[PDB]
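One structure is given here, and the rest of the page talks about it.
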RNA sequence: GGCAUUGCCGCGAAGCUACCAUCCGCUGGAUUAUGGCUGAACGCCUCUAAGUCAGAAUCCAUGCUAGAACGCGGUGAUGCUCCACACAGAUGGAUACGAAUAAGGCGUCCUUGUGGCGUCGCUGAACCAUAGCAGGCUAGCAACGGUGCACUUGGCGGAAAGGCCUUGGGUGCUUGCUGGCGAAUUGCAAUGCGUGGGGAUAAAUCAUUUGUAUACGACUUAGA
RNA sequence: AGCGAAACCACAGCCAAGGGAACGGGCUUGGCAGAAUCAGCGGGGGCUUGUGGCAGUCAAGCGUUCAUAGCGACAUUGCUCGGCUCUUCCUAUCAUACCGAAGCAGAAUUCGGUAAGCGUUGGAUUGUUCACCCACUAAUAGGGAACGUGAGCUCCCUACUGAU
RNA sequence: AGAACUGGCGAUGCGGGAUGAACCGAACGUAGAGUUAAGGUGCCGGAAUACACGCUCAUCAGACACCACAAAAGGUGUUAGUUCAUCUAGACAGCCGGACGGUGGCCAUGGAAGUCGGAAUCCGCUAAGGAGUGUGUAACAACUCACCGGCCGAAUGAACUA
């Protein structure tokens with residue numbers, strides 16, 4: 003298939019996404035998730051914002067510091083989520099979340115390299131059209147993550163510097179799709195077609 | 012006890028560090044944000060309180076103020092930190108070639124045995140029109156949001172035998188990073204005056220490591279909002295002389311401060327009491343914001359500085375005050 | 002009684018911000034550009050004592 | 006917050022409440 | 001004053017140390033209750049369903065404390081030299097727009113637009129590579145391209161840049177086209193960069209010294 | 001610096017919940033966890049809630065047939081041997097915070113809402129304490145943590161505070 | 001609570017129910033191969049991120065287990081039904097118009113005209129108007145819906161059941 007399947011959250015459902023991202027490591031599959039912050043979920047916002055804090059309270063008694071550590075940053079939010087379906091703790095586990103990697107944003111060296119998605123888990127394609135659905139970003143923040151922006155900003159950058167890229171490419175092709183077009187229709191070609199190609 | 016002051020454990024150094032820095036005003040030209048110095052005892056102060064609406068309006072008021080020995084301080088480097096998704100990350104520091112014995116001494120735990128070969132093959136990296144040096148400046152000048160300055164104490168000027176210069180980072184709240192570096196470029200090796208960071212009648216916070224005892271004490275503490283009463287300069291004689299008293303005397307009591315020497319250079323006189331003790335290094339930051347209260351608006355009119363010897367008791371102020379009262383004695387004539 | 006984090010003292014100490022103590026900094030900011038830049042000029046005098 | 010685990014003393018102390026509802030109806 | 005289980009009294013700096021004294025004790029978001037704005041459901045109305053404004057000592061940041069002893073970065077100093085040995089799963093290619101999805105690509109004309117005309121999608125089942133002893137040795141034709149390799153010119157990349165392009169020449173290879181030789185017997189399957197001593201030199205520790213520190217450590221100092 | 005025991009010893013000793021049986025210490029599901037060691041403390045071993053019961057005009061329906069086998073919801077008619085420190089959590093809030101209502105003019109009051117952020121006193125009685133009163137303050141709210149702090153009262157293991 | 005009967009455990013492992021004396025399957029020589037039980041097939045977990053029809057948004061849903069307790073009801077949440085009624089002789093909603101004459105009925109009384117009250121709630125006119133459903137006034141007015149009618153052009157309303 004491919005050795006590294008850089009995924010991409012951007013419109014997925016923390017769950018589901020996970021699960022599969024999961025299985026795939028368990029079955030020896032180096033993944034890498036990006037744009038964590040643009041991960042989604044189900045339900046209103048003022049929920050996930052609960053189904054969480056609660057989570058927050060948790061924490062330990064006698065010694066708060068030793069206990070259920072409440073990570074903020076998206077990435078991790080979603081991590082957990084996942085290190086939660088992988089018998090983590092046991093060689094085969096550790097041996098996984100060993101195979102994982104979840105960045106917010108989409109820093110190098112991944113910027114430069116195709117990503118992809120996981121049908122079987124996009125908002126668009128699973129949530130009964132028009133239904134309440136939260137979007138990490140806020141949901142992180144709302145509860146600590148101090149950067150939403152940096153990401154953001156130091157984003158827009160990327161997008162740029164790319165699209166730009168694009169172009170240059172779109173320009174390129176066009177030429178091909180043109181050469182091939184013309185130098186298309188001469189024998190040789192023909193033939194192929196017969197077979198199909 | 013207070014929960015927030017946990018863990019109540021030992022500070023990392025004798026020099027506590029500035030946790031925060033003042034924000035930014037991009038309209039301003041480049042300015043330092045803080046300054047360092049050494050704690051030097053406690054002195055009594057009187058002045059008329061020109062605070063309106065007060066039960067002590069226009070009356071005389073007595074208060075204990077601490078004097079901190081703050082010499083002029085020297086830049087030896089500039090730093091660039093990029094904003095990251097993970098906070099801040101110094102991508103480059105870059106220095107100034109001609110480093111003092113005091114600064115270099117900070118890079119050896121055992122200075123005596125050393126071959127004193129420190130900033131040397133870095134100093135030959137300087138030896139040209141720039142090239143590599145001016146590259147790393149351009150590095151910073153391109154990226155990096157906050158530009159911080161590497162500086163050290165002039166401890167030889169100090170009456171302390173510690174001889175080993177302290178390094179402290181101080182950022183720059185002057186707008187535009189192009190200016191920030193092109194201010195640090197000119198100011199390499201240059202000594203920086205104290206009065207060119209703080210004026211009299213200003214709120215500042217202070218940092219210091221606290222008076223250790225026997269675990270108990272020896273923590274970093276920052277106190278907030280403390281009014282600078284007096285900024286004095288070592289070249290000007292009669293620091294103790296106000297506009298009122300005008301009798302020529304130094305702020306230093308007869309025979310130096312308690313366990314601290316004569317104040318032979320610049321100083322700051324701050325309201326109340328800085329944390330820690332005498333000898334300890336304090337770094338003074340300029341209060342993070344603008345606290346416009348009438349507690350901060352008032353400009354003070356100092357009346358008289360108590361320069362009596364605090365070691366034992368003090369009935370007099372100058373040596374000229376001892377023999378005008380005693381007359382003359384056996385060992386004199 | 003009102004806290005430090007209450008809405009009363011927050012609005013009160015927001016209007017007064019643009020007072021004298023933004024301009025007293027600018028009045029001192031010139032002394033940073035004066036005597037400290039005279040330190041650049043004083044060491045340029047001693048460098049001309051070495052260049053002679 | 007409340008739980009959604011049935012403790013077994015309850016899960017089987019429901020059966021022994023349901024059995025009492027069987028003998029109650031007959032009489 | 002030699003001495004008085006610390007002889008008594010007057011007072012005393014240094015310290016032990018105290019509401020028994022002095023200084024200090026912060027500003028931005030997002031909310032609940034609630035008051036609204038537009039406004040359906042339900043040809044009226046309605047703070048609500050889609051929206052949206054303000055708002056509690058709340059919440060969450062800012063600020064404050066510590067810094068993960070298995071979280072990280074930048075920067076200073078030379079490991080260098082002489083001998084003796086020791087050697088969690090690659091198998092054609094991670095094949096770069098962004099945003100929407102009651103919408104979008106892609107192409108074209110410009111009246112430069114939320115513009116028109118054209119067209120695509122309904123799976124990567126694609127695309128690009130792909131023939132030669134696990135890939136040899138030699139003969140031409142046609143192109144002036146494709147590509148490998150150390151060099152060289154210039155430029156880009158700081159989020160974890162640690163790569164990505166380009167210019168010039170040299171040198172291979174070319175399956176674009178045609179050739180000329182070799183393959184056996186492998187016998188009918190069993191994939192086929194550390195040590196242990198030296199030498200030169202950077203530094204730390206111990207020992208000493210200082211006390212801002214101290215149960216002991218640790219910490220701070222100072223010394224060719 | 002030397003000399004040098006004994007008692008004791010199945011085995012180890014992190015939390016949270018579940019493990020039906022006044023059984024959790026090995027199990028189940030989680031949180032987690034980095035070698036090595038010294039000094040402290042006196043640290044541990046689907047229950048219920050607010051409006052009584054009795055007779056009755058009640059009056060939707062269900063009663064083998066269906067008001068008269070008869071019950072029957074909210075209402076309305078009649079009688080009538082304890083209590084002094086120090087931690088933590090709960091909201092069912094006494095104050096402080098902001099609102100909503102009141103013939104609430106103003107000041108103050110009453111009722112109600114969100115809220116546990118921050119606060120919650122001192123004196124005469126003890127034949128078994130099984131009662132209370134004026135003095136202040138913004139107000140002097142109620143409770144839980146079982147033999148809470150009765151191994152603070154009339155040389156077993158480890159949490160924790162720190163230190164290498 | 002007591003009596004009788006029939007099982008289960010007791011002398012009993014094995015799959016399942018996250019875990020277990022009482023539940024579900026299944027009573028055991030050592031193996032290979034096949035098929036299943038009970039229970040499952042997002043991931044932890046072997047097994048359809050299967051197909052098909054619907055239903056549900058919960059400010060800590062639900063997966064709670066003879067549907068048994070807190071349960072009788074509440075809700076301008078929502079989907080379906082049942083039984084009464086209007087419906088191009090124009091319904092429902094909606095601005096518009098009338099909403100009257102004995103009469104400002106009669107006792108109560110400073111003041112009662114429908115509207116602070118007490119007992120009747122009549123009669124005439126019409127398309128239809130209650131001796132009156134509220135706002136308001138010292139009392140009146142004006143407004144009001146209820147009952148018609150016109151302008152519009154179709155399905156609407158009530159009580160309940162699940």
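Residue numbers (the entry's author numbering), protein chains in the order written: chain O, 3 to 199; chain B, 12 to 225, 269 to 387; chain z, 2 to 53; chain s, 6 to 32. Built from N, CA and C at the ideal position, the CB exists for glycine as well.
In angstroms with no decimal places, state the Cα-to-Cα distance between residue 222(B) and residue 116(O).
Rounded to whole angstroms, residue 222(B) to residue 116(O) spans 59 Å at the Cα level.
Rounded to the nearest angstrom, what separates residue 76(B) and residue 49(z) at their Cα positions?
Cα to Cα, residue 76(B) sits roughly 44 Å from residue 49(z).
Determine which residues share a DSSP beta bridge with residue 359(B) and list them.
Residue 359(B) pairs with 56(B).
Going by Cα to Cα distance, which pick from 28(O), 150(O), 62(O) is closest to residue 97(B)?
It is 150(O).
Cα separation between residue 32(z) and residue 103(O)?
Cα to Cα, the separation comes out at about 53 Å.
Between which two residues does the beta strand (DSSP E) containing residue 79(O) stretch?
That residue, residue 79(O), is in no beta strand (DSSP E); its alpha helix (DSSP H) goes 76-83.
Taking Cβ-Cβ distances shorter than 8 Å, what residues in chain z pair up with residue 40(B)?
Those within 8 Å of residue 40(B) in chain z are 30, 34.
Closer than 8 Å, Cβ to any Cβ of chain z: which residues of the segment 325-358 of chain B, in chain order?
Cβ contacts with chain z: 344, 345, 346, 347, 350, 351.
Mark residue 305(B) as exposed unless 16 or more other C-beta atoms lie within 10 angstroms of its C-beta, in which case mark it buried.
By the neighbour-count rule (16 or more Cβ atoms within 10 Å), residue 305(B) is buried.
Sorted by chain position, which residues of the same chain lie with C-beta nearer than 6 Å to residue 24(O)'s C-beta, five sequence neighbours on each side aside?
84, 87, 88.
Which bits of chain B does residue 40(O) rub up against, with CB to CB less than 7 Å?
Residues of chain B passing the Cβ test: none, with the nearest at roughly 14 Å.
Just tell me which of 34(O), 79(O), 14(O), 21(O) has its CA closest to the CA of residue 6(O).
Among 34(O), 79(O), 14(O), 21(O), the Cα nearest to that of residue 6(O) is on 34(O).
With the cut-off set at 8 Å, would you say residue 209(B) and residue 52(B) are in Cβ contact?
Not closer than 8 Å, so no.
Three-state secondary structure (DSSP) at residue 311(B)?
The answer is strand: DSSP assigns residue 311(B) an E or B state.
Tell me the DSSP secondary structure of residue 122(O) in three-state form.
DSSP places residue 122(O) in coil when its eight states are reduced to three.
Please classify residue 243(B): does DSSP put it in a helix, a strand, or coil?
The model of chain B omits the segment between 225 and 269, and residue 243(B) is among the residues lacking coordinates.
What are the residues in the segment 198-209 of chain B lying within 9 Å of chain z by C-beta distance?
The residues in question are 198, 200, 201, 202, 203, 204, 206, 207, 208, 209.
Go ahead and label residue 214(B) buried or exposed: buried means 16 or more other beta carbons lie within 10 angstroms of its beta carbon, across all protein chains shown.
Buried, since its Cβ has 16 or more Cβ neighbours within 10 Å.
Can you find at least 3 beta carbon pairs, one from the segment 66-76 of chain B and one from the segment 153-167 of chain B, that sit closer than 8 Å?
The segment 66-76 of chain B vs the segment 153-167 of chain B: no contact.
On a Cα-Cα basis, can you pick out the residue from 211(B), 202(B), 385(B), 337(B) that is closest to residue 87(B)?
Comparing Cα-Cα distances from residue 87(B) to each of 211(B), 202(B), 385(B), 337(B), the minimum goes to 202(B).
From residue 27(s) to residue 21(s), what distance separates their C-alpha atoms?
When rounded, the distance between both Cα atoms is 10 Å.
Are the Cβ atoms of residue 80(O) and residue 16(O) separated by less than 8 Å?
Yes.
If we define contact as Cβ-Cβ less than 8 Å, is residue 95(B) a contact residue for chain O?
At least one chain O Cβ lies under 8 Å of residue 95(B).
State the start and end residues of the unbroken beta strand (DSSP E) segment that holds residue 80(B).
Unbroken beta strand (DSSP E) run through residue 80(B): 71-80.
I need the straight-line Cα distance from residue 45(O) to residue 134(O), nearest angstrom please.
Approximately 5 Å, taken between the alpha carbons.
Spell out whether any CB of chain B is found under 8 Å from the CB atom of residue 48(z).
Not one chain B Cβ lies under 8 Å of residue 48(z).
Drop a sphere of 10 angstroms on the beta-carbon of residue 24(B), count the other beta-carbons inside from all chains shown, and report buried for 16 or more, exposed for fewer.
Exposed.
For chain B, find out if any of its Cβ atoms is closer than 8 Å to the Cβ of residue 112(O); answer yes or no.
Chain B, which has no Cβ nearer than 8 Å to the Cβ of residue 112(O), makes this no.
Say whether the segment 52-70 of chain B touches the segment 171-179 of chain B, bearing in mind that this needs 3 or more beta-carbon pairs closer than 8 Å, one atom from each stretch.
Counting Cβ pairs under 8 Å, fewer than three are found: no touch.
If residue 136(O) and residue 47(O) are in contact, beta carbons under 8 Å, what's the gap, nearest whole angstrom?
Confirmed, Cβ separation roughly 5 Å.
Please name the residue in 338(B), 385(B), 191(B), 292(B) whose C-alpha comes closest to that of residue 36(B).
Looking at the Cα atoms, 191(B) is the closest of the given residues.
Please specify which runs of the beta strand (DSSP E), each continuous and at least 3 residues long, are wholly inside the segment 141-204 of chain B, giving them in chain order.
Complete beta strand (DSSP E) runs here, min 3: 157-163, 178-182.
Please report the distance separating the alpha-carbon of residue 370(B) from that of residue 289(B).
Cα to Cα, the separation comes out at about 25 Å.
Applying the criterion that 16 or more other CB atoms from any shown protein chain within 10 Å of the CB defines a buried residue, is residue 386(B) buried or exposed?
Burial call: exposed.
By a C-beta neighbour count over all protein chains shown, 10 Å radius and 16 as the cutoff for buried, is residue 12(z) buried or exposed?
Result: exposed.
Mind the definition here: the segment 140-148 of chain O touches the segment 63-77 of chain O only if three or more C-beta pairs lie below 8 Å; say whether that holds.
With the cut-off at 8 Å, the segment 140-148 of chain O and the segment 63-77 of chain O touch.
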